[PDB]
(Lines of atoms letter the chains of each structure in order from A and count residues from 1; the text may use other names and numbers.)
(Lines give C-alpha, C1' and ligand atoms only; values in the text may rest on other atoms or scores of the structure.)
Protein backbone atom coordinates (compact mmCIF):
# COMPACT_ATOMS: atom_id res chain seq x y z
CA UNK A 1 0.00 0.00 0.00
CA UNK A 2 2.88 2.46 0.76
CA UNK A 3 4.06 4.21 -2.42
CA UNK A 4 7.24 6.31 -2.62
CA UNK A 5 6.11 9.30 -4.74
CA UNK A 6 9.30 9.76 -6.84
CA UNK A 7 9.74 5.92 -7.00
CA UNK A 8 6.17 5.61 -8.45
CA UNK A 9 6.95 8.46 -10.95
CA UNK A 10 10.16 6.60 -12.01
CA UNK A 11 8.27 3.24 -12.51
CA UNK A 12 5.63 5.05 -14.60
CA UNK A 13 8.01 7.48 -16.42
CA UNK A 14 6.68 6.63 -19.94
CA UNK A 15 3.12 7.75 -19.00
CA UNK A 16 4.25 11.43 -18.57
CA UNK A 17 4.62 12.32 -22.31
CA UNK A 18 2.26 12.33 -25.40
CA UNK A 19 -0.25 10.88 -26.42
CA UNK A 20 -1.72 10.58 -22.90
CA UNK A 21 0.42 12.67 -20.55
CA UNK A 22 -1.21 11.46 -17.31
CA UNK A 23 -1.50 8.48 -14.99
CA UNK A 24 -3.75 8.36 -11.90
CA UNK A 25 -1.94 7.01 -8.79
CA UNK A 26 -5.35 6.83 -6.98
CA UNK A 27 -8.74 6.98 -8.72
CA UNK A 28 -11.59 6.36 -6.23
CA UNK A 29 -13.10 9.27 -4.21
CA UNK A 30 -9.77 11.20 -4.36
CA UNK A 31 -8.15 11.51 -7.82
CA UNK A 32 -4.35 11.66 -7.24
CA UNK A 33 -2.82 12.24 -10.67
CA UNK A 34 0.60 12.82 -12.13
CA UNK A 35 0.86 14.76 -15.44
CA UNK A 36 3.65 15.46 -17.93
CA UNK A 37 4.08 17.25 -21.24
CA UNK A 38 4.51 18.74 -23.78
CA UNK A 39 0.85 19.78 -23.97
CA UNK A 40 0.06 23.34 -25.19
CA UNK A 41 -3.73 23.86 -25.54
CA UNK A 42 -6.57 26.41 -25.76
CA UNK A 43 -9.34 24.43 -23.99
CA UNK A 44 -10.60 25.63 -20.59
CA UNK A 45 -11.80 23.06 -18.05
CA UNK A 46 -14.65 24.08 -15.64
CA UNK A 47 -15.79 21.89 -12.68
CA UNK A 48 -17.69 22.09 -9.34
CA UNK A 49 -14.78 20.68 -7.33
CA UNK A 50 -11.38 22.26 -6.59
CA UNK A 51 -7.94 21.36 -7.99
CA UNK A 52 -4.63 21.14 -6.06
CA UNK A 53 -1.55 21.72 -8.28
CA UNK A 54 2.03 20.90 -7.16
CA UNK A 55 5.06 20.94 -9.44
CA UNK A 56 7.28 17.89 -8.74
CA UNK A 57 9.65 18.35 -11.72
CA UNK A 58 9.91 21.57 -13.74
CA UNK A 59 7.51 24.46 -14.22
CA UNK A 60 4.02 24.79 -15.75
CA UNK A 61 1.63 27.66 -16.63
CA UNK A 62 -2.05 27.49 -15.56
CA UNK A 63 -4.07 29.89 -17.71
CA UNK A 64 -7.17 31.07 -15.84
CA UNK A 65 -10.19 33.32 -16.37
CA UNK A 66 -10.28 35.42 -13.20
CA UNK A 67 -12.89 38.15 -12.53
CA UNK A 68 -13.37 38.85 -16.26
CA UNK A 69 -9.65 38.70 -17.15
CA UNK A 70 -7.16 36.29 -18.75
CA UNK A 71 -4.27 35.55 -16.35
CA UNK A 72 -1.28 33.23 -16.56
CA UNK A 73 -0.50 31.53 -13.28
CA UNK A 74 3.13 30.35 -13.39
CA UNK A 75 3.61 27.31 -11.12
CA UNK A 76 7.34 26.69 -10.65
CA UNK A 77 9.01 23.44 -9.47
CA UNK A 78 8.34 22.98 -5.74
CA UNK A 79 5.34 25.33 -5.78
CA UNK A 80 1.87 24.42 -4.54
CA UNK A 81 -1.39 26.13 -5.57
CA UNK A 82 -5.11 25.65 -4.95
CA UNK A 83 -7.73 26.44 -7.61
CA UNK A 84 -11.23 27.16 -6.23
CA UNK A 85 -14.46 25.71 -7.68
CA UNK A 86 -15.88 26.80 -11.08
CA UNK A 87 -12.79 28.76 -12.32
CA UNK A 88 -12.17 28.10 -16.09
CA UNK A 89 -8.53 26.85 -16.39
CA UNK A 90 -6.20 25.72 -19.23
CA UNK A 91 -3.06 23.86 -18.07
CA UNK A 92 0.09 24.36 -20.20
CA UNK A 93 2.75 21.67 -19.71
CA UNK A 94 6.28 21.26 -21.06
CA UNK A 95 8.55 18.33 -22.01
CA UNK A 96 10.30 16.34 -19.21
CA UNK A 97 8.08 17.83 -16.43
CA UNK A 98 5.92 16.11 -13.74
CA UNK A 99 3.07 17.72 -11.88
CA UNK A 100 0.76 16.42 -9.20
CA UNK A 101 -2.96 17.35 -9.54
CA UNK A 102 -5.48 16.39 -6.84
CA UNK A 103 -9.21 16.49 -7.62
CA UNK A 104 -12.26 14.49 -6.50
CA UNK A 105 -14.99 12.21 -7.76
CA UNK A 106 -17.96 14.39 -8.79
CA UNK A 107 -21.34 14.26 -7.12
CA UNK A 108 -24.11 12.81 -9.37
CA UNK A 109 -25.45 16.41 -9.60
CA UNK A 110 -22.14 18.00 -10.78
CA UNK A 111 -21.38 18.97 -14.35
CA UNK A 112 -17.98 19.50 -15.98
CA UNK A 113 -17.47 21.86 -18.88
CA UNK A 114 -14.93 22.36 -21.66
CA UNK A 115 -14.75 25.76 -23.41
CA UNK A 116 -12.83 27.30 -26.29
CA UNK A 117 -12.99 31.13 -26.61
CA UNK A 118 -12.91 33.43 -29.66
CA UNK A 119 -9.30 34.69 -29.94
CA UNK A 120 -8.21 36.56 -26.75
CA UNK A 121 -11.82 37.49 -25.75
CA UNK A 122 -14.33 36.19 -23.15
CA UNK A 123 -16.83 35.22 -25.96
CA UNK A 124 -17.43 31.43 -26.16
CA UNK A 125 -16.49 29.79 -29.50
CA UNK A 126 -17.37 26.18 -28.56
CA UNK A 127 -18.53 24.38 -25.39
CA UNK A 128 -19.51 20.92 -24.16
CA UNK A 129 -20.93 19.98 -20.73
CA UNK A 130 -20.92 16.47 -19.31
CA UNK A 131 -21.09 14.30 -16.19
CA UNK A 132 -17.41 13.48 -15.42
CA UNK A 133 -16.42 9.92 -14.37
CA UNK A 134 -13.04 9.62 -16.24
CA UNK A 135 -11.98 13.18 -17.32
CA UNK A 136 -9.03 12.62 -19.78
CA UNK A 137 -11.05 9.86 -21.53
CA UNK A 138 -14.23 12.03 -21.85
CA UNK A 139 -12.21 15.12 -22.91
CA UNK A 140 -10.44 13.42 -25.89
CA UNK A 141 -13.61 13.09 -28.15
CA UNK A 142 -14.79 16.65 -27.21
CA UNK A 143 -11.37 18.06 -28.33
CA UNK A 144 -11.43 15.98 -31.59
CA UNK A 145 -15.04 17.26 -32.14
CA UNK A 146 -13.82 20.85 -31.67
CA UNK A 147 -10.92 20.43 -34.16
CA UNK A 148 -13.43 19.02 -36.73
CA UNK A 149 -16.01 21.82 -36.19
CA UNK A 150 -17.14 24.82 -38.33
CA UNK A 151 -16.29 26.86 -35.14
CA UNK A 152 -12.58 25.89 -35.31
CA UNK A 153 -12.41 26.27 -39.12
CA UNK A 154 -14.02 29.78 -39.14
CA UNK A 155 -13.19 31.05 -35.61
CA UNK A 156 -16.88 32.05 -35.38
CA UNK A 157 -19.35 30.49 -32.88
CA UNK A 158 -22.63 28.76 -33.90
CA UNK A 159 -25.16 30.49 -31.51
CA UNK A 160 -27.56 27.46 -31.46
CA UNK A 161 -24.64 25.28 -30.21
CA UNK A 162 -24.05 27.51 -27.10
CA UNK A 163 -25.94 27.35 -23.78
CA UNK A 164 -28.05 30.40 -22.85
CA UNK A 165 -26.07 30.42 -19.52
CA UNK A 166 -23.61 28.04 -17.70
CA UNK A 167 -25.29 25.29 -15.53
CA UNK A 168 -23.91 27.10 -12.42
CA UNK A 169 -22.38 30.58 -11.75
CA UNK A 170 -18.68 30.77 -12.64
CA UNK A 171 -16.29 31.66 -9.76
CA UNK A 172 -16.05 35.39 -8.76
CA UNK A 173 -12.98 34.69 -6.54
CA UNK A 174 -9.49 36.19 -6.66
CA UNK A 175 -6.87 33.54 -7.52
CA UNK A 176 -4.02 32.97 -5.00
CA UNK A 177 -0.30 33.16 -5.76
CA UNK A 178 1.44 29.72 -5.96
CA UNK A 179 3.88 29.30 -3.02
CA UNK A 180 7.03 27.26 -2.42
CA UNK A 181 5.91 24.20 -0.39
CA UNK A 182 9.32 23.80 1.32
CA UNK A 183 9.57 27.55 2.12
CA UNK A 184 6.10 27.49 3.71
CA UNK A 185 6.91 24.35 5.75
CA UNK A 186 10.23 25.78 7.06
CA UNK A 187 8.61 29.18 7.92
CA UNK A 188 6.02 27.35 10.12
CA UNK A 189 8.48 24.78 11.67
CA UNK A 190 7.91 26.05 15.27
CA UNK A 191 4.09 25.75 15.20
CA UNK A 192 4.35 22.37 13.35
CA UNK A 193 6.81 20.88 15.85
CA UNK A 194 4.73 22.23 18.84
CA UNK A 195 2.01 19.72 17.78
CA UNK A 196 -0.19 22.19 15.88
CA UNK A 197 -1.29 20.72 12.47
CA UNK A 198 -1.73 23.60 9.97
CA UNK A 199 -3.98 24.16 6.95
CA UNK A 200 -1.93 25.48 3.98
CA UNK A 201 -4.91 27.28 2.39
CA UNK A 202 -7.46 27.85 5.22
CA UNK A 203 -11.22 27.59 5.72
CA UNK A 204 -12.42 29.50 2.57
CA UNK A 205 -11.84 26.32 0.46
CA UNK A 206 -13.46 22.85 0.27
CA UNK A 207 -10.00 21.19 0.01
CA UNK A 208 -7.95 20.69 3.12
CA UNK A 209 -4.18 20.26 2.66
CA UNK A 210 -2.83 19.94 6.21
CA UNK A 211 0.86 19.95 7.32
CA UNK A 212 1.85 17.84 10.37
CA UNK A 213 4.93 17.76 12.54
CA UNK A 214 5.56 15.50 15.56
CA UNK A 215 2.41 14.10 17.25
CA UNK A 216 -0.46 11.58 17.32
CA UNK A 217 -3.66 11.48 15.21
CA UNK A 218 -6.71 9.26 15.01
CA UNK A 219 -8.41 8.81 11.65
CA UNK A 220 -12.11 7.97 11.88
CA UNK A 221 -14.08 6.05 9.19
CA UNK A 222 -15.16 8.70 6.56
CA UNK A 223 -17.04 8.51 3.23
CA UNK A 224 -13.98 10.29 1.66
CA UNK A 225 -10.42 9.15 0.87
CA UNK A 226 -7.41 10.74 2.60
CA UNK A 227 -3.96 10.89 0.94
CA UNK A 228 -0.94 11.02 3.32
CA UNK A 229 2.50 12.11 2.07
CA UNK A 230 5.57 11.84 4.38
CA UNK A 231 7.98 14.66 3.23
CA UNK A 232 10.70 14.68 5.92
CA UNK A 233 11.61 12.06 8.51
CA UNK A 234 9.37 9.13 9.41
CA UNK A 235 6.03 8.14 10.88
CA UNK A 236 3.94 5.01 11.50
CA UNK A 237 0.36 4.49 10.32
CA UNK A 238 -1.58 1.63 12.05
CA UNK A 239 -4.31 0.58 9.60
CA UNK A 240 -6.32 -2.63 9.12
CA UNK A 241 -4.31 -4.48 11.78
CA UNK A 242 -0.94 -3.57 10.15
CA UNK A 243 1.78 -1.10 11.19
CA UNK A 244 3.04 0.75 8.07
CA UNK A 245 6.30 2.71 8.41
CA UNK A 246 6.32 5.84 6.22
CA UNK A 247 9.89 6.71 5.23
CA UNK A 248 10.78 10.12 3.56
CA UNK A 249 8.72 10.55 0.31
CA UNK A 250 6.39 7.60 1.19
CA UNK A 251 2.67 8.11 0.60
CA UNK A 252 -0.40 6.17 1.69
CA UNK A 253 -3.99 6.39 0.58
CA UNK A 254 -6.49 5.87 3.43
CA UNK A 255 -9.59 4.51 1.58
CA UNK A 256 -13.06 5.76 2.58
CA UNK A 257 -14.48 3.51 5.33
CA UNK A 258 -11.04 2.68 6.87
CA UNK A 259 -9.87 4.00 10.26
CA UNK A 260 -6.20 4.59 11.19
CA UNK A 261 -3.79 5.68 13.93
CA UNK A 262 -0.89 7.99 13.00
CA UNK A 263 2.33 8.44 15.07
CA UNK A 264 4.79 11.06 13.74
CA UNK A 265 8.36 11.48 15.01
CA UNK A 266 10.20 14.65 16.23
CA UNK A 267 11.32 16.82 13.26
CA UNK A 268 9.20 14.84 10.75
CA UNK A 269 6.99 16.74 8.21
CA UNK A 270 4.00 15.26 6.38
CA UNK A 271 0.85 16.27 4.47
CA UNK A 272 -2.75 14.94 4.37
CA UNK A 273 -4.96 15.84 1.38
CA UNK A 274 -8.80 15.75 1.68
CA UNK A 275 -11.54 16.99 -0.70
CA UNK A 276 -14.78 16.31 1.13
CA UNK A 277 -17.78 17.22 -1.11
CA UNK A 278 -19.82 17.97 2.09
CA UNK A 279 -17.42 20.99 2.53
CA UNK A 280 -18.33 22.44 -0.91
CA UNK A 281 -18.59 26.24 -0.64
CA UNK A 282 -22.06 27.88 -1.16
CA UNK A 283 -23.02 30.89 -3.43
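Residue numbers count along the first chain shown, from 1.
When the C-alpha B-factors of 206 to 214 and 156 to 164 are averaged, 156 to 164 comes out higher. When 65 to 73 is weighed against 24 to 32, 65 to 73 comes out higher, by mean CA B-factor as recorded in the entry.
Per the PDB record, 149 has a higher Cα B-factor than any other of 180, 149, 92, 97. Highest CA B-factor among the listed residues (79, 127, 120, 112): 120. Placement of the Cα temperature factor of residue 283 within the chain: highest third of the modelled residues, per the deposited record. Remark: residue 242 belongs to the highest third of its chain, ranked by C-alpha B-factor as recorded. Ranked by Cα temperature factor within the chain, residue 136 sits in the highest third according to the deposited record.
Annotation for residue 222: C-alpha temperature factor in the highest third relative to the rest of the modelled chain, per the entry. When the CA B factors of the chain's modelled residues are split into thirds, the value for residue 169 lands in the middle one.
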